[PDB]
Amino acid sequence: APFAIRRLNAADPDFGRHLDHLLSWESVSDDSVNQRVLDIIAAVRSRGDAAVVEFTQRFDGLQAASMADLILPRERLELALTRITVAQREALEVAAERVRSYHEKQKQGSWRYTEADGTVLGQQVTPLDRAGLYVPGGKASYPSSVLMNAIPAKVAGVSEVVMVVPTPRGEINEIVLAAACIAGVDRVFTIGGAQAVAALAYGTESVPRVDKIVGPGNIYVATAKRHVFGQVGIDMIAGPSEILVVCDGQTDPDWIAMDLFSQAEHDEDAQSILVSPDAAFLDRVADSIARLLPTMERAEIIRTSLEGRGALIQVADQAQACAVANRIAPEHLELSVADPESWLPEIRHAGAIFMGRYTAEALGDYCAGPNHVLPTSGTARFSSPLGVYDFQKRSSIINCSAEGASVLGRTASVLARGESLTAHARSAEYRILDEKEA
């Protein structure tokens, strides 16, 4: 039996609820994951290294007695570099070059500016002492995620960049370790899930407490990241793995099927949805999916995710396509249409957007990591708090001259007195100067 992708129609009256169920249902159960994540964090906070080794054994299926078996030295990273092919080393280095060159152009440092009255203003910019990189490794390996977060941290000057990556059944991915070596990662712990997030956020006897945790992850990593919010810095919690492809029917249906396959091969909980007003095109995408799926090397993962969350949605016209897209509110939108800048005005709820027939998630995954912008010299001219800025701390500076204090204190005194904050007022008035006073 040829796999039959789930078909939906915005004309059918049950579309509203049928769509709401596809986006909402959860097999892992909510509050269930939340409770287990809360329990894991409390354990690592109390029992420390012992808890992480036990959780690593239970959840990752590992056979390690001490924390030391879960710590990879820098030499193990350099050795991984030698165990990968030449094509894979250069591909890692080519990606590293573009990432590193971009972040070097965006790095901003400390500055001072002297006003007319002598007052000095500015910012002190210092790198965070410690940054923690979560690299997902549960159901696949993601080396580009290492480069995307470790390189801007090193460019910022973060002295210690620590990486956690789960090694299921003790299997070690040399391409991911080789990326860590090229990216300048200092230490690699072979742990994952909520226990690894806990170990970096609070610290164990063997895992250092970091200033910021970054990286994508599954429901446990995402849930653990929102809990440690406040205790430790975090980038952005990433929602469930999804792609929404919106096509006008003029893209090769195999490309669209493979684009949906690419998100689907991530994990069995992945959500791949296609929306199009072209009915005959949607039939071809179904024919493309059935033909192409069996040969796929991860056809079991793809079939599972498509069954659970995949959908081919028919809409009446471009306007309905955009309405369905705004309901779905995708973090990643593939605008596979001829006039994609003409569809964007009516698409208000979407994070990263791939536009046209030649761009898909695979390019975003491997070549566009920071804020989902592609690192080039031209894109560098446009500043971002993401990337190098996020691995830096900025302290504002004010150094008043005697005169500058005098003019500022007059204004401060008026407002502070009006608010009965007399200590504010008097500390400012102490510095007001009148040359006629002897």
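All residue numbers refer to positions in the sequence shown, first residue = 1.
On average the C-alpha atoms of 187 to 195 have higher B-factors than those of the other stretch, with 187 to 195 and 334 to 342 being the two compared.
For the segment pair 391 to 399 and 28 to 36, the entry gives 28 to 36 the higher mean B-factor, averaged over Cα atoms. Across 114, 101, 262, 82, the greatest Cα temperature factor reported in the deposited entry is at 82. Per the deposited record, 206 carries the highest C-alpha B-factor of all listed residues (106, 206, 288, 144).
Sort the modelled residues of the chain by CA B factor and residue 231 lands in the highest third. In the deposited entry, the Cα temperature factor of residue 11 sits in the top third of values across the chain's modelled residues. The deposited CA B-factor of residue 438 belongs to the lowest third of values across its chain. Annotation for residue 349: CA B-factor lies in the highest third of the chain's modelled residues. When the modelled residues of the chain are ordered by their C-alpha B factor, residue 76 lands in the highest third.
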